[PDB]
């Protein structure tokens, strides 16, 4: 077998189910006997077939259907390989979901992938569109030379008992088969020739996080575009994990982004890039004793130009599912104060409170102690900053070991080893900035209003909303949801963010994940669209600046799942078809978070008054990709030019098979012309 390129072919159109024979190529005899090597190919799929082999080498005869090697893609964007010679001999597989795409801006696009079979290192590696997707290590390294009775080299399918299996339909732009193992660097470069959309946050940036979720995107009145997202360190797991909130901005209309910062973060557990296991056992494991921030909301007060960042604050080892019922506050002298438990007291004995100037008081004696906290909630004893050891987390087999290191960090009331511990429920935190993220204010825990009967009261991620007209012009609103007397809720401020008031929008006690986003009508009234626990997106209306809301009404015509997915709905500044317009983003499948679509809803005045004054006609829908392509949480923003920016999760964030995937948070831009089918 010679060194280098054994075979190369360009521009091969493959009719679905027909495949293409490469048996007559000069190097077929070499390819049929490869001991190792590299395969790189550019392709465009025009087929909806579930599994589509791009390239394969194997035995096509009767009874030998499990003897073959193939690189395939799925209609849902997955990519992988299967190296087989019947299960008793070997069956090596490697794959990674949501690695490739099918359509972009209404047209089928090319993806570039590569498989590297490194005999020297006994390792197999998959790449696609500039990324190293997965790695398989095997003591008993195997390749094509190990398959019994190879008799064919095929493009667009795998020959099994004389039939074309895993049928591809489309075009193989180029394929190159090397006998040598090219370097990862060469493959990153080679496959990187085709990329769509861009990343704001990514594995390898200064956040030190390998994973990101929950996008927030907002264009400021100054023209600057800002963004935030969960920087999920311990895989893509929801809280009761180690998660910080990342932030970045663009001053050129969303073309390039700044080095990300971490405005909301905890230091009890170290922030580091770690590859979380994706096997059936390890994938379910999550960090047990870390404090975290989760689900960001960005908001701008156009009057003061101040920006705010909100997120849920989870004490050590807490998430929505295991939060304790209670406000986390205690009322003394008529004022609500954060309550604390001295570590040496009884398990449920919260006999202290954080009062004015962070001074900690003994509630029984009503006397101040020698302790206090600063604007970051870090402990001080007699003016000396208290510290404790930071934890590290590593996998030992399928077990996650969380252990102390020798690194000292400031002792915070939300840390598991703090001498004074906060009540284990969730909190609502925020910081403001007057210089577009150059600096942020002290930590402001605004959840003093959390109902004492509530398990959790959290934010609806995305952006908040400021009323532009009417009697409540200037009011700031942030959507919330909870497990208590009400599900949907809101917090609003009439003094530009200094103080907040909580509003219950319904009397539902089920605690469903009612994530919502707010949009303003021409007269200043508001319409809130939300995810529900039923098979539809609901709409509620307010005619009093968000103080009271109408009953939920199904959003007719926009399909969704029973469990639901967060949505993004925004106001657009210019009319579309001569009418005020709103734009909505959400996955459209009735099962699985896939088939994302951007809808344009035209606001019509019905002629009625009050809650029934307006009616939204969802006139246009725009499919972001093909039906099976993953699409989960998202956030829309009108950019300074006419365009609509979209930061979204390009994978199924619900699926137990698509957890812990890197670089799935993408940023794309669309013109109204494109969105309305006009092109």
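Positions refer to the first chain, counted from 1.
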Given 458 to 466 and 526 to 534, the range whose Cα B-factors average higher in the PDB entry: 526 to 534
Tell me which of 380 to 388 and 567 to 575 has the higher mean C-alpha B-factor in the deposited entry. 380 to 388
Which of 145, 273, 74, 366 ranks first by CA B-factor in the deposited coordinates: 366
Which listed residue, 434, 208, 408, 515, has the largest C-alpha temperature factor in the record? 408
Ranked against its chain, the third holding the CA B-factor of residue 442: lowest
Considering only modelled residues of the same chain, in which third does the CA B-factor of residue 104 rank: lowest, middle or highest? middle
Consider only the C-alpha atoms of the modelled residues in this chain, order them by B-factor as the entry records it, and name the third containing residue 613: lowest, middle or highest. highest
Rank-wise, by C-alpha B-factor, drop residue 404 into the lowest, middle or highest third of its chain. highest
Hey, what third does residue 641 fall into on Cα B-factor, ranked over its chain? highest
